[PDB]
Ligand SMILES: Nc1ncnc2c1ncn2[C@@H]1O[C@H](COP(=O)(O)OP(=O)(O)OC[C@H]2O[C@H](O)[C@H](O)[C@@H]2O)[C@@H](O)[C@H]1O
């Protein structure tokens, strides 16, 4: 009867201590910048047939270590309304994969808040879709970020639900 938790760490998600990692991926499975750059360097064999549509997630093992490639929408291409819908869906597919895998913990970034943000601050939008998807899972969730201001805000949001 463990107590599932949420935690935030400001560090490279490729150095995570969890049983699986979520990549903020691209639909064509191509190595990119940001999270996907780190994931490619650490777990390159997980990019075999990782391409998957926007709003979906696809898991590929690197050894026995699962890499969940989740494809958030690029807000430069989507309307705010359609993009918000795809971002919610991507996180829902992450939650299903985490559950299917049976892991006790997952390392997860904030999808569509960097290269795919359309130039907007989407910290709150993306974190809330994360919570909406993962709340009903019983995995320990650890959110990885790089920005000191964002660590604080993510940590505040976690605190004020406990
Ligand atoms: N190694 C890292 N660890 C933790 N957080 C990171 C890391 N790197 C960046 N962040 C932050 O994690 C957050 C997500 O930023 P992004 O990785 O761009 O994801 P997206 O969904 O918006 O863009 C995906 C596209 O860009 C890629 O090229 C893909 O291949 C795709 O083509 C930001 O706040 C980062 O500051």
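Only the coordinates and a few stated rules stand behind these numbers; no lab work does. Reconstructed Cβ throughout: ideal geometry from the backbone, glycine too, with neighbour counts over all protein chains shown.
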Single match in 14, 57, 51 (criterion: surrounded by 21 or more Cβ atoms within 10 Å (Cβ to Cβ) and either touching a strand residue (DSSP E or B) at 6+ places or on another chain (Cβ under 9 Å) or more than 16 Å from residue 117 (Cα to Cα) (or both)) | 57
Would you mind telling me which numbered condition in (1) part of a loop (DSSP other than H, G, I, E, B); (2) touching a strand residue (DSSP E or B) at 6+ places or on another chain (Cβ under 9 Å); (3) more than 15 Å from the ligand (Cβ to nearest atom) residue 138 fails?
-> (2)
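With the requirement that a residue be near the ligand (Cβ under 9 Å from one of its atoms), within 24 Å of residue 100 (Cβ to Cβ) and not in a loop (DSSP other than H, G, I, E, B), what does the range 4-19 give you? Working first, answer last.
Kept after step one, since they are near the ligand (Cβ under 9 Å from one of its atoms), are these residues of the range 4-19: 9-16.
Checking which are within 24 Å of residue 100 (Cβ to Cβ) leaves us with 13-14, 16.
Selection gives 13, 14.
Could you tell me which of the residues 95, 90 is closer than 17 Å to residue 136 by Cβ, part of a helix (DSSP H, G or I), in contact (Cβ under 8 Å) with a residue 24 or more places away in the chain and within 10 Å of the ligand (Cβ to nearest atom)? If you could, list the steps in order and put the result at the bottom.
Values: 95 fails: within 10 Å of the ligand (Cβ to nearest atom).
After applying the criteria, what remains is 90.
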Do any residues in the range 16-36 that are without any contact (Cβ under 8 Å) to a residue 24 or more places away in the chain and farther than 22 Å from residue 104 by Cβ have Cβ atoms under 9 Å from those of residues that are near the ligand (Cβ under 7 Å from one of its atoms) and assigned to a loop (DSSP other than H, G, I, E, B), where the two are at least six apart or on different chains, and which pairs are they?
-> 36/25; 36/26; 36/30; 36/115
Within the range 108-126, restricting to residues that are surrounded by fewer than 22 Cβ atoms within 10 Å (Cβ to Cβ) and in contact with a helix residue (DSSP H, G or I) (Cβ under 6 Å, 6 or more places away or on another chain), the one that is nearest to residue 2 (Cα to Cα) is 123
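Going through the range 141-162 one residue at a time, which ones are outside any loop (DSSP other than H, G, I, E, B) and within 12 Å of the ligand (Cβ to nearest atom)? Working first, answer last.
As a first pass, look at the range 141-162 and keep what is outside any loop (DSSP other than H, G, I, E, B): 141-145, 148-159.
Once the filter is applied, which keeps residues that are outside any loop (DSSP other than H, G, I, E, B) and within 12 Å of the ligand (Cβ to nearest atom), the range 141-162 yields 142, 143, 144, 145, 148, 149, 150, 151, 153, 154.
Hey, can you tell me all the residues within the range 1-10 that are over 13 Å from the mean Cα position of the chain (by Cα) and surrounded by 12 or more Cβ atoms within 10 Å (Cβ to Cβ)?
We begin by selecting, within the range 1-10, every residue over 13 Å from the mean Cα position of the chain (by Cα); these are 1-7, 9-10.
Within the range 1-10, 4, 5, 6, 7, 9, 10 qualify.
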Does at least one position in the range 42-59 carry a residue that is under 16 Å from the mean Cα position of the chain (by Cα) and within 9 Å of the ligand (Cβ to nearest atom)?
-> no
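Take the range 20-39 and flag every residue that is closer than 27 Å to residue 148 by Cβ and either over 15 Å from the mean Cα position of the chain (by Cα) or not in a helix (DSSP H, G or I) (or both). Break it down stepwise before answering.
If we filter the range 20-39 for residues that are closer than 27 Å to residue 148 by Cβ, which is where we start, we get 20-26, 31-39.
Listed by number, the residues that qualify are 20, 21, 22, 23, 24, 25, 26, 31, 32, 33.
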